[PDB]
Amino acid sequence: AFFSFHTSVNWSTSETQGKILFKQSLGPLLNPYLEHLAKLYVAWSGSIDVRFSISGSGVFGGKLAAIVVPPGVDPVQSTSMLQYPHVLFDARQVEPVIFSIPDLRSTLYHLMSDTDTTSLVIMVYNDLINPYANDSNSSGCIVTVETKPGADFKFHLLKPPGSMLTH
Amino acid sequence: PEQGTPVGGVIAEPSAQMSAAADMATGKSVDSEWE
Amino acid sequence: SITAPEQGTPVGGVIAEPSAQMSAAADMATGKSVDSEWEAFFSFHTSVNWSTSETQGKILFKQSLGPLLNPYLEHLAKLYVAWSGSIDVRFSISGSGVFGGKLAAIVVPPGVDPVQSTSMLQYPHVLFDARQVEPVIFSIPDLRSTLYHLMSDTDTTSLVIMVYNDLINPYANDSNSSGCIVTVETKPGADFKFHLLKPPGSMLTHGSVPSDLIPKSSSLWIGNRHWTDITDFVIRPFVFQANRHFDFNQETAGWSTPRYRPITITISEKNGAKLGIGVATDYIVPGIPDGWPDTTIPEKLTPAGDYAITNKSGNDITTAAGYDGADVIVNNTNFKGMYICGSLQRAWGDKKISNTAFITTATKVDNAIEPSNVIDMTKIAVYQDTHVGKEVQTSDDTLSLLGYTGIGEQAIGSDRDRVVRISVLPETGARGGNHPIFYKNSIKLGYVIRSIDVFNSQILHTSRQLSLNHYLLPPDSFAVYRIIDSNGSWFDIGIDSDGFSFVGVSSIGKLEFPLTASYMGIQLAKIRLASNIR
Amino acid sequence: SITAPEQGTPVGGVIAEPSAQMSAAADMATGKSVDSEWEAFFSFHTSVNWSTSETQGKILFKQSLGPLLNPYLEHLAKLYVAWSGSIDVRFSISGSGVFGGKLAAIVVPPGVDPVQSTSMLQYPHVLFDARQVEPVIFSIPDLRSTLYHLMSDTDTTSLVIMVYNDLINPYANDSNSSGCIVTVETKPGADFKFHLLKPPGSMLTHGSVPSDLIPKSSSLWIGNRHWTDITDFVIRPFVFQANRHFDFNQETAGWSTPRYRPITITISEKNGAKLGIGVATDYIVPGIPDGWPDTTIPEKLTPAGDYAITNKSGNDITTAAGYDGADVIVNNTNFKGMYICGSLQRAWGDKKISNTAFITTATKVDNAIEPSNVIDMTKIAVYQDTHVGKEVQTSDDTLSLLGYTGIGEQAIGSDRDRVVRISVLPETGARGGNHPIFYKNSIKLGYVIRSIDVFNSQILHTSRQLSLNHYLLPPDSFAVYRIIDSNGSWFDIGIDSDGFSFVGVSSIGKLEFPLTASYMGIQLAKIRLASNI
Amino acid sequence: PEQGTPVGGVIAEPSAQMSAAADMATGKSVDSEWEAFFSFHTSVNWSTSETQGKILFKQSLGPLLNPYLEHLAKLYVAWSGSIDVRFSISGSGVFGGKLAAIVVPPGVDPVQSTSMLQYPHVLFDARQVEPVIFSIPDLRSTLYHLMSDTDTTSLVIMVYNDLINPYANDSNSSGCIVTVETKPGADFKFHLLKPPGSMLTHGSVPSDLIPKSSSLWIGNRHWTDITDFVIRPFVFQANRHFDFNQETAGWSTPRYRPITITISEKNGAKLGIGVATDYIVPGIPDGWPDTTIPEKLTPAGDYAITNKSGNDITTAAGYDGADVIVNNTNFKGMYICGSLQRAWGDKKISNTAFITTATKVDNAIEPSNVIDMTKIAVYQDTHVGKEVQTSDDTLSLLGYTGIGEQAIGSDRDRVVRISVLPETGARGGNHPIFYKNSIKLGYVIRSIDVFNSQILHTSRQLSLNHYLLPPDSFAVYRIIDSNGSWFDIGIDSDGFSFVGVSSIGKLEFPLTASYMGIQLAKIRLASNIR
Ligand SMILES: [K+]
Ligand SMILES: [K+]
Ligand SMILES: [K+]
């Protein structure tokens, strides 16, 4: 019923356009409560909802993009990846933004080891700017990622406790 | 009402018939089985 | 223009035609009431003893779903690429009535591998007492992420029987132990169907299950270092071999094929030279002959003389009472660690009869040989007296391994520094808490009428199948084979992706050798390979 | 006996027959939009910069409607010859809060060319302030006197981004290098559709669009005269080259392919010559080898000796690295501007190792050689000792070019009377206030470890594409691109129908050299090309 | 709901009646027209000599059966469904012959045995009025495919009954012309639009390793065009030879450009040991040739040839008309270069160089198949006196002074390797090949052969693209000639190329290479060289 803090990543002025600050694949590790209940199961399926924001300043410009790439693909640090639907987010933007990561699977369930799932990447759309520190170049913009389970999310296949996973 | 603007910048379409396919491959039948 | 697979004008038999009265007559003569009879009865699978010595949480039975459970499906499976569906696994127990003790049943899902622990009972389990009269069936459902299974697939739903409560005899003392054996049978199940009939002469693109690595009888077991029959297993902390040792990738760090046949070479000693370097004539790797032995000499020495041994104090041994009566041997012989190799030894102008050889990988400096355990085109030593006098001869020679001159030494393959490789020596240690094993042969000696032990990483049937056939096994699992001797003492060997074999106990002991080997299934390597030694 | 494209005897797939339940299974497994997912979102196309230098009324962007405004349409355009309909646009500015200014977007109709004036804002336009975060969306309609377009058509409706209010920053009144990247994203309109499948391999009569002549990265830029990497630009009142220079008609006034390879020839001399005349063995024009250098020696000279250098009227040899700090060189060599080429002098009975070549085009009067402004089969000079006696020797040579001899000279291409042609040398001056450029790279000298500059009329990719592919451009127009360095400096190059690249500035200055190029569109050659340097 | 505020600051009004006017000027009628017709894919000559059981056509299901799907496949990473395939035989009515089509399942790899005909197969005659259409169904365990997937349903077509021409003679090699056309089935669908520039994480498809024309095939050892192939039992090479892992046991990039070095010697030393200034492996100059000399040499003088009998070759009659050739020059088996030499104060024109991997002892070099920074030998004058001379030298390889040697890459000892020598024998009934080339010689206007483990396009593509291939598989490449003789090459995961036939023979050299998918390495590669 709520979004939970998962991680936070930094975005300085050094990171040029097209760089990838984040890549994490779909799974129950995107939320602590699922990482807890994953221990009681061997399979899962379904989507995760995400909310992300930037604790930026007003003097900071730049812009940042979020791209749910499908299974199989590995991304590349190029602005050609922005030729694909993507959630723009400006550093000057205060209110967070929400979107889903669907479970696009050739199978009927996943296993906890599966890492060929749908994946999210945070990619630099426009370089971050600050007219002040042209001497230190150590500006901020913490970029938080929060997660909530999708309604289509559910675990499958209780494992016996103590039993090991083959994969 | 929780904070955040939802945005459909995706080709996502989470299908509900795939969750039933998973409940068919696995005889799920209950959300908390230990009960 | 076009004709379907069942199309053509029929004329029939020209003198007669098919009759139904005669086909009916064969059903009268027989008991043919339905086809595919194996779908109508339970077929024997195995049987386990459940004794009072076995505490709770022990696993007695463990099989994953598949067509290798029933033999009648294992046969038809050769015609199909895929399968799907459930198997029914009947259980029978005949208790004494005065006994007590309940026995659990758990159909664990796919993706897991069980453990002997009561934590497995923190999970849905059916129970049945020693006083159970009728059999119980326990259909194993096919839970699968795919739409069909292949035959190489092994991550399938499994069923385990495990001790829920210990078996109890009120009359039996704490010392004497009794038991009741539980028999297991299988039937194809109603939703079972094979899929995708394959055309014959078709490579299957992933192979099949590693079910044919160890033969089902010990009469067919011979080592990958020497051709003789196995006689016992040997547990050591590290196991290693290169020559005929093959992995599941059909690749080898050796230089020979999995077959023993003579060694044809040519050697061009110039002057009076009882030793020289031979060159390959038959080979898979350039430079090295196929069948060349994978062991060096201990020391630098000049082969020039005769045999010699002593009983630790200069007392030479010339009789069996001295050899067997000795505790250790010095072996002052000048051609110690080599192989006798009969040596036809033909050439043009060498009318003298041939003389045996002595071979190893070693260097050569004008009279001698030094131990070099890295085989090359120049590490092919021979000492056979090819009657040379001050002229190049270039004799052709064929050699057949017979014996080993290294009297008094330890078993062959026990020292890596003496074992030969090209660049990389395959080697393992204890995976999980499961110890590796050598397979033990014996090889003839020089003039003593005894023999010396010989260690082997594989059985040659295991090497042969892994050179030709393609198998799937991740680097974390084992292909398990349950060994059963004549008395019933059993243990499980597990073969590696690397090709090495393991065992789940520190010592096997002695055991009847007319023994067998049955494929139980794939098993993760952490889990201790089960055993019952007695 | 007649069969149509969808006609035949259907037998099926013998072992099974296509199931619809599996195709419906795959739709739910993957989600689904209606058969063209690219029609549903905005895709990154380009980004343009807006500094404080750009005054009010300046135009930062002009690109005409077409399928090049979206990558997915540029892909499927290759399967068609016609199109029609609108494109949706979303644009934004990655500005700061401290930045002011304001920017405007104007869909001008067909026919009109815009002007850098605020009078263009007397027309409906989308205002966008630098302080504005949420993007803004609007359509570019297809307003056409025809019923369909062709891929070459550039008289379509067009968009321009125009400075409405100058950008402001109270901080940097010393550097004046502020930012505000301005991105443009595109989506197809619902009225968009392609027409008229072309057969694959078939060419278009009206040509394609010149959008691939320069690569998108400077790592791939090499010269049409020497194979080294471009390093900077040069502006001159006249720009000329013939050898590997190709116009838009796939025509070159020179003699060589757009490649760099060894040069095979066959000398034949006698009595002790060292200065023979070769003959071609690989060519496109009869007589001249493919890849022969397009430059002639300064004057008449009798190659006999070795290198000789000296400073300003001083008779002081530059034996050391005091070559530098001299600023003038006499270059007293008897070989004084030839090209150095490693040779493989193969002959029958020579029995001696080969020697370097020292080639050029010139007229062999005697041992001497006179500068030939024009090339011919009777001009192909080579100065090397092939070890000749009295009898003829007909060696095979197979040269490969390594360096240059004209130490202390201007860059190869400055002087014109030394640059070689066949008959007519292509040349271009200023064309509407825009200045032509060379592409400058380097070539190694023979004696001093330093290198000398070399001028080029094109990038070799521009020559390979114009040698092979068929493009449209009216003579009164450019195929305009925008060059952007790692900093925020940029300038638009314009490639004319003759193959020459122009520039609007008089001096480009130094630039962080990892550069990129993007196709903006077709412009007239009269209006000056935009810049910020 | 997508981001952005729409604003009608326009006089635009996109009219919908103009899109219908365009559908009237052009008979559009369908958004994806390629689904409505069959498109040419290939053609095979079915001859009177090809016997029963020989496969004419074999292709697994996928987008590569149709160009329009091959074009749209670049925008996606998944597909699913059937593709139709049409056949038109086009022979005379005096001909009598019959083919058989086999749709084999997803999970087997067929062979050229008649055991494929122990399985449901449809027969169809040479003398057909109307062409025949086969739909290849997408049988699968998954719910969709990826573009890297190759275990799919296939269609095999072989000769059930040999083709007959009653008017046949030794001078009449007539037959039928079987054209294959494809159309995507009604159930074909692409899925999973990809981001551009993104690479599949497990690998792409080896569809581009051999170019489609021999006009631009060049070797990975010498820059000259291939001429024909060579079959040998053991093929091996390190430099410029890349596997399917973007890895290399060599030291130079998959290209050809000059070799810059510096040589510092003194006391009139014509020998030297150069040091790199453009490397990828620390020490070696990134382009140094991978072959040594046969023997110890003291390079002093000039060329020298005989013919086993102390004669001397000074004309193009003895060289060609010699029993054998004996190279008695003190610089033999090394590489001729252009060698522009620069040094401050060297008022002397550059002399050509002679380079090879070898040690040095004060006047003489000895061969060493190993290479490091201590083996980079040169032989140039350099015009050095008593003191050191840094001599910035740049080399361009043009020839080879090993007149009498057999071929470069034939002797494993002469071939250079850092530590490891990539090497393969046969795998199945399939033999490994070299790609043969030619390099020029020093004193003679003739040439010598050169062996290459790869075409250079095969090397650079593997240098910078991660493809997918199991170890027990090939990437097959059908290679036809101007006449009609053809054979399949199979590239191994190690980067080596194999062939099924034992001898190739003569070939009209305007060749073209296609791609015929994946094939298990334990299966004979096809051949119709005759
Ligand atoms: K003999
Ligand atoms: K010569
Ligand atoms: K020099």
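Calculation notes
- Residues numbered from 1 in each chain as written, not as in the entry; some residues may be left out.
- Chains lettered and ligands numbered in written order.
- Part of a larger assembly, values for the part shown.
- Heavy atoms only, no water.
- UniProt positions renumbered as here; feature names shortened; annotations may be inferred.
- Helix = DSSP H or I, 4+ residues; strand = E, 2+ residues; numbered from the N terminus.
- Buried < 20%, exposed > 50% of the residue type's maximum accessible area, 1.4 Å probe, protein only.
- Contact = heavy atoms within 4.5 Å.
- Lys, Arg positive; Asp, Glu negative; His and termini not counted.
- Charge placed at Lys NZ, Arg CZ, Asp CG, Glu CD.
- Donors = N, O, S within 2.8 Å, 3.2 Å for Na, K, Ca; no water.
- Pairing = 2+ DSSP bridges.
- Buried area = accessible area lost by both parts, 1.4 Å probe.
- Salt bridge = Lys/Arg side-chain N within 4 Å of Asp/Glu carboxyl O.
- Polar contact = N/O pair within 3.5 Å; in protein donor to acceptor, adjacent residues only side chain to side chain.
- Nonpolar A, V, L, I, M, F, W, Y, C, P; charged D, E, K, R; others polar.
- Disulfide = S-S within 2.5 Å.
- Core = buried A, V, L, I, M, F, W, Y, C linked by side-chain atoms within 4.5 Å.
- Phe/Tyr/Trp six-rings, centres within 6.5 Å; stacked < 30°, edge-to-face > 60°.
- Domains from an automatic or database assignment.
- Patch = residues over 30% accessible without salt bridge, like charges linked within 9 Å, V, L, I, M, F, W, Y side chains within 5 Å.
- Areas by Shrake-Rupley, 256 points an atom, 1.4 Å probe, with all protein chains shown as cover.

Per the deposited record, cryo-EM is how this structure was determined, to a resolution of 3.0 Å.

For chain E, the PDB entry supplies the name VP1 and the organism Feline calicivirus. Per the PDB header, the entry is named "Feline Calicivirus Strain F9". Here is the UniProt Sequence similarities (unreviewed entry) comment for chain E, exactly as written: "Belongs to the caliciviridae capsid protein family."

A. Spotlight on the overall build of chain E. Helix and strand content of chain E: three helices and 34 strands. Along the first, second and third principal axes, the C-alpha atoms of chain E reach 90 × 80 × 45 Å. In chain E, which comprises 530 residues, the proportion classed as buried is 58%. Of the contacts formed within chain E by residues at least 6 apart in sequence, a portion of 78% connects residues at least 24 apart. Across chain E, the centroid of the 41 positively charged side chains sits 5 Å from that of the 52 negatively charged ones.

B. Up close: the coordination of the potassium ion (ligand 1). Residue and element names in this part refer to chain C. Bound to the potassium ion (ligand 1) on the protein side are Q345 (O), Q345 (OE1), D350 (O) and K352 (O), at distances that span 2.8 to 2.9 Å. Mapped onto the sequence, the residues coordinating the potassium ion (ligand 1) show the spacing Q-x4-D-x1-K. Residue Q345 shares its accessibility class with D350, and that shared class is buried.

C. Looking closely at the sheet that holds strand 1 (residues 5–6) of chain E. In space, the five strands of this open sheet follow the order 2(D)-11(D)-5(D)-8(D)-1(E), with mixed pairing throughout. Taken across any chain shown, the strands that pair with only one partner, and hence form the sheet edges, are strand 2 (43–48) of chain D together with strand 1 of chain E. Taken together, the two bridges between strand 8 (residues 136–140) of chain D and strand 1 of chain E define a ladder with parallel strand orientation. Across the sheet, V136 of chain D pairs through a bridge with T5 of chain E, a residue of strand 1 of chain E.

D. Highlighting the interface of chain D and chain A. Every contact between the two is made by 29 residues of chain D and, on the other side, 26 residues of chain A. It is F44, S94 and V133 of chain D that lose the most area in chain D upon contact with chain A, and together they represent 29% of the buried surface on that side. Our count for the chain D to chain A interface comes out at zero salt bridges. Between chain D and chain A we count 12 residue pairs in polar contact in total. Those elements giving two or more residues to the side of chain D that touches chain A turn out to be helix 1 (20–30), strand 2, helix 2 (71–76), strand 5 (87–94) and strand 11 (181–188) of chain D. By residue number, the principal contributor to the side of chain D that touches chain A is strand 5 of chain D, which donates four residues. Along the lines of polarity and charge, the residues of the side of chain D that touches chain A split into 14 nonpolar, 12 polar and three charged.

E. Here's a closer look at the state of the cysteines. This structure, assessed with the given rule, holds zero disulfides over all chains. With no disulfide of its own, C180 of chain D has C141 of chain A as its nearest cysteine by sulfur position, at a separation of 15 Å.

F. Structural detail: the nonpolar core. Core analysis: the biggest nonpolar cluster contains 159 residues, and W11, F52 and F99 of chain A, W50 and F91 of chain D together with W46 and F87 of chain E have the highest contact counts within it. In this structure, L301, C341, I369 and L399 of chain D belong to the second largest nonpolar core, which totals 42 residues.

G. Geometry of the packing of aromatic side chains. Applying the stated criterion to the full structure yields 73 aromatic pairs over all chains. Here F52 of chain A and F89 of chain A contribute two aromatic rings whose centre-to-centre distance is 5.0 Å and whose plane-to-plane angle is 50°, an arrangement assigned as tilted. Here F89 of chain A lies in strand 7 (residues 87–90) and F52 of chain A lies in strand 4 (residues 48–55), a separation of 37 residues in the sequence. Of the two residues examined, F52 of chain A and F89 of chain A, each falls in the buried class. An angle of 85° between the planes, with centres 5.9 Å apart, marks the rings of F41 of chain C and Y72 of chain C as edge-to-face. With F41 of chain C in the loop between helix 1 (21–29) and strand 2 (43–51) and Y72 of chain C in helix 2 (residues 71–76), this pair connects stretches of sequence that are 31 residues apart.

H. Spatial organisation of the pairing of strand 8 of chain D. Summarising burial for strand 8 of chain D: five of the five residues are buried, a large majority. Taking every second residue as pointing to the same face, both faces of strand 8 of chain D are buried, with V136, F138 and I140 of chain D on one and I137 and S139 of chain D on the other.

I. Focus on the side chain of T295 of chain C. All names here are of chain C. Assignment of secondary structure puts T295 in the loop between strand 17 (275–280) and helix 3 (320–325). For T295, a relative accessible area of 3% puts it in the buried group. Of the polar contacts made by the side chain of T295, one reaches the side chain of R225; its length is 3.4 Å. Beyond its immediate stretch of four places on either side in the chain, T295 contacts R225, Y339, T360, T361, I412, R418 and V420.

J. Region of the structure containing the domain arrangement of chain E. All names here are of chain E. We note that the domain assignment places domain 1 (1–197) and domain 2 (198–530) within chain E. For domain 1 versus domain 2, the separation of C-alpha centres amounts to 41 Å. In this complex, domain 1 contributes 16 residues to the contact, which on the side of domain 2 involves 14 residues. Roughly 1,300 Å² of surface becomes buried between domain 1 and domain 2 when both sides are summed, with 56% attributable to carbon and sulfur atoms. Looking at the side of domain 1 facing domain 2, the largest losses of area belong to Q59, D109 and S148, adding up to 33% of the total buried there. Scanning the region where domain 1 abuts domain 2 turns up zero salt bridges.

K. View of a nonpolar patch on the surface. On the surface, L37 and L40 of chain A together with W34 of chain B cluster together into a nonpolar patch covering about 310 Å² of accessible area. Relative to the helices and strands, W34 of chain B resides in the segment after helix 1 (17–25). For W34 of chain B, a relative accessible area of 56% puts it in the exposed group.

L. Summary view of the environment of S219 of chain D. Residues and elements named next belong to chain D. Looking at the secondary structure, you find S219 in the loop between strand 12 (193–197) and strand 13 (232–235). Residue classification places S219 among the exposed residues on the basis of a relative accessible area of 56%. Considered as a pair, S219 and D229 are 10 residues apart in the sequence and their alpha carbons are 7.3 Å apart.

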